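A.B. asks: need coordinates for the below:
(one chain, ligands or ions: 3)
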Amino acid sequence: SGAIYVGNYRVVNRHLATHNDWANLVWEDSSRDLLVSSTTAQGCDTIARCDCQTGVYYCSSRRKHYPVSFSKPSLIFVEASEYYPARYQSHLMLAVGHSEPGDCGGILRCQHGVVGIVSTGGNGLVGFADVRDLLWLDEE
Ligand SMILES: COc1ccccc1CC(=O)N1C[C@@H](C(N)=O)CC[C@@H]1C
Ligand SMILES: COc1ccccc1CC(=O)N1C[C@@H](C(N)=O)CC[C@@H]1C
Ligand SMILES: [Zn+2]
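C.D. replies: Numbering: from 1, shown residues only. Ligands and ions are numbered 1, 2, ... in the order given. And now the structure:
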């Protein structure tokens, strides 16, 4: 679990969105595993606007913050699950690092701010949904 709080937006994995999130929907994209809902309180996060390939992410299944090198956002095939059939997930970045299904929502940060959130994983791999291209999160 986990979410990003920027201005009056809450960014969550779409598969973990609540019914309140859906009632207050701003934007969602199933192919990205993202959903953004509106908030009443202002959050304390800043979104990175950069092409960084290094950073640190939080791993709940280890209670640890790990430094990582990660790939560029791309279309990556993700196996079928209880939330989606097998498909290409877009804007995904992979890294060698520990993850388990419950780690989704863990934030990845670089020196410029929030880069994305854990969305996928594998045997010694972790995948992050990028948020740096969503320029509108910084305004309106
Ligand atoms: C001190 O946190 C970090 C430091 C470096 C890099 C990453 C983090 C994680 C982070 O930003 N978290 C943990 C977070 C989560 N959902 O992963 C809950 C809220 C909070 C905003
Ligand atoms: C962090 O996730 C894992 C880590 C290790 C092993 C397996 C997983 C699970 C995983 O990849 N997904 C993909 C996710 C999606 N974005 O389509 C929905 C289902 C499930 C939460
Ligand atoms: Zn950066």
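A.B. asks: get me the contact residues on the chain for ligand 3.
C.D. replies: 48, 50, 52, 110, 112 (C-beta under 5 Å from the ion). Where you see a C-beta, it was placed from the backbone N, CA and C, and this is true even at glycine.
A.B. asks: show me the beta-bridge partners of the residue most central in space within the chain.
C.D. replies: The centroid of the chain falls nearest to residue 117 when counting by C-alpha atoms, centre = their mean (2.4 Å). Judged by DSSP bridges, the bridge partners of residue 117 are residue 107, residue 129.
A.B. asks: is any residue of stretch 111-118 near ligand 2?
C.D. replies: Yes - between stretch 111-118 and ligand 2, judged by C-beta under 6 Å from any ligand atom, the touching residues are residue 118.
A.B. asks: can you get me a residue count around residue 109?
C.D. replies: Other residues near residue 109 come to 18 when the count uses other C-beta atoms under 10 Å.
A.B. asks: and the residue of the chain most remote from its centre, how far is that from residue 8?
C.D. replies: Here the chain reaches farthest from its C-alpha mean at residue 40, the gap being 21.4 Å by C-alpha atoms, centre = their mean. Counting by C-beta to C-beta, to the nearest Å, the gap from residue 40 to residue 8 is 8 Å.
A.B. asks: can you give me the domain boundaries for this protein?
C.D. replies: Using CATH domains of a matching chain, the domain parsing of the chain gives 3-44, 45-140.
A.B. asks: so what's residue 125 up against?
C.D. replies: 94, 95, 96, 97, 99 (C-beta atoms under 8 Å, 6 or more residues apart in numbering).
A.B. asks: what helix or strand does the second one sit in?
C.D. replies: Right, the one you point to is residue 95. strand 87-96 (DSSP states H and E).
A.B. asks: tell me the SS of residue 5?
C.D. replies: Following DSSP: H, G, I helix; E, B strand; the rest coil, the label given to residue 5 is strand.
A.B. asks: give the contact list for it.
C.D. replies: Contacts of residue 5 (C-beta under 8 Å, 6+ apart): 11, 39, 42, 43, 44, 45.
A.B. asks: distance check, the closest residue in space to the first one that isn't next to it in sequence against residue 83.
C.D. replies: Right, the one you point to is residue 11. Excluding its sequence neighbours, the residue lying closest to residue 11 (C-beta to C-beta, 6 or more residues apart in numbering) is residue 4, at 4.1 Å. Distance of residue 4 to residue 83, computed by C-beta to C-beta: 20 Å.
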